[PDB]
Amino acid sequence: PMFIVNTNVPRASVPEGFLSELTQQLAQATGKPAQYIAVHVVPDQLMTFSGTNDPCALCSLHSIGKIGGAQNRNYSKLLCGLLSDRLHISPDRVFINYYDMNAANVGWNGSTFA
């Protein structure tokens, strides 16, 4: 799995250890080894949400499997709470897009996962 967070919160406000934290939380939540987990955090972005520039975030979670109705509900509870706790972003100014990737459309190590 790969998790991207794009946010207008400044780089100084991202807690040292945030990426390692997310890695760990995503391993437990998706039941996937931390070895295949990639996390990418992009602060200081020029963005608006509802027309304003208060703290917001636009996130994507791509995974091979483990995506769907119930699971995405669980992920949204977990991830909005982590962004609210550590970045101080209201949960109503977060969007998370979930992508179920086919294993043939994920390249890794010079091949794909199918």
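Quick note: we count residues from 1 along the sequence shown, nothing fancier.
Student: Looking at the deposited entry, does 31-39 or 46-54 carry the larger mean Cα B-factor?
Tutor: Averaging CA B-factors over each stretch, the winner is 31-39.
Student: Decide which of the stretches 59-67 and 80-88 has the higher mean C-alpha B-factor, going by the entry.
Tutor: Of 59-67 and 80-88, the stretch with the higher C-alpha B-factor average is 80-88.
Student: For the chain shown, is the CA B-factor of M2 in the lowest, middle or highest third of its modelled residues?
Tutor: Its C-alpha B-factor, which the entry lists for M2, ranks in the middle third among residues of this chain.
Student: What third of the chain does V9 rank in for C-alpha temperature factor, lowest, middle or highest?
Tutor: Middle third - that is where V9 ends up once the chain's C-alpha B-factors are sorted.
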